[PDB]
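For reference, the structure is listed below as structure tokens.
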Amino acid sequence: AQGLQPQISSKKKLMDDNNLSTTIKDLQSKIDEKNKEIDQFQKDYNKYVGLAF
Amino acid sequence: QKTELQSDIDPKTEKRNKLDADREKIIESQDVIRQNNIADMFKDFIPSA
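First to last, the protein sequences are chains A and B. Per the deposited numbering, residue 213 is the first one in the first sequence, and the count goes up by one each step. Per the deposited numbering, residue 158 is the first one in the second sequence, and the count goes up by one each step.
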């Protein structure tokens, strides 16, 4: 039988080793990256429609 | 193998950081064309003054 005490300590070690403090910073990098494109494409659509008239 | 790939992080963190300025140089040159509006253009089509 696998021990119940290390089976808790196995999961408790897994809960400390997690990328969750990293991937959230990684995903907020990409959202702030993709917001810069969206904030740029609004400038494009407000320019081409200006050109199209 | 751990040292193999962090030595590949360093080009990709630099190559991304190279293109950050080369993006924004286009943005600065797009701001010149941005600078006149829809109706600034329409103001120009009337030969007023």
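Quick reminder that beta carbons are idealized off the backbone N, C-alpha and C, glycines included.
Chain B within 9 Å of residue i, Cβ atoms only
i                      : result
residue 265 of chain A : yes
residue 252 of chain A : yes
residue 258 of chain A : yes
Residue-chain proximity (residue i, chain A), Cβ-Cβ < 9 Å
i                      : result
residue 184 of chain B : yes
Start and end residues, alpha helix (DSSP H) containing residue i
i                      : result
residue 178 of chain B : 159 to 191
residue 228 of chain A : 216 to 228
residue 264 of chain A : 232 to 264
For residue i, the three-state DSSP class (helix, strand or coil)
i                      : result
residue 195 of chain B : helix
residue 205 of chain B : coil
Contacts of residue i in chain A (Cβ-Cβ under 8 Å)
i                      : result
residue 203 of chain B : The premise fails here: residue 203 of chain B is roughly 14 Å from chain A at the closest Cβ pair, so nothing lies under 8 Å.
Cross-chain neighbours of residue i in chain B, by beta carbon under 8 Å
i                      : result
residue 269 of chain A : As shown, chain A starts at 213 and ends at 265. That puts residue 269 of chain A outside it, with no answer to give.
residue 215 of chain A : Going along chain B, no residue has its Cβ under 8 Å from residue 215 of chain A, so there is no contact; the nearest lies around 31 Å.
Chain E contact for residue i (CB, 9 Å cutoff)
i                      : result
residue 186 of chain B : No chain E is present in this structure, whose protein chains are A and B.
Inset, instruction - Please name the residues in the stretch 158 to 186 of chain B whose beta-carbon is closer than 9 Å to at least one beta-carbon of chain A, in chain order. - result: So the close ones are 180, 184.
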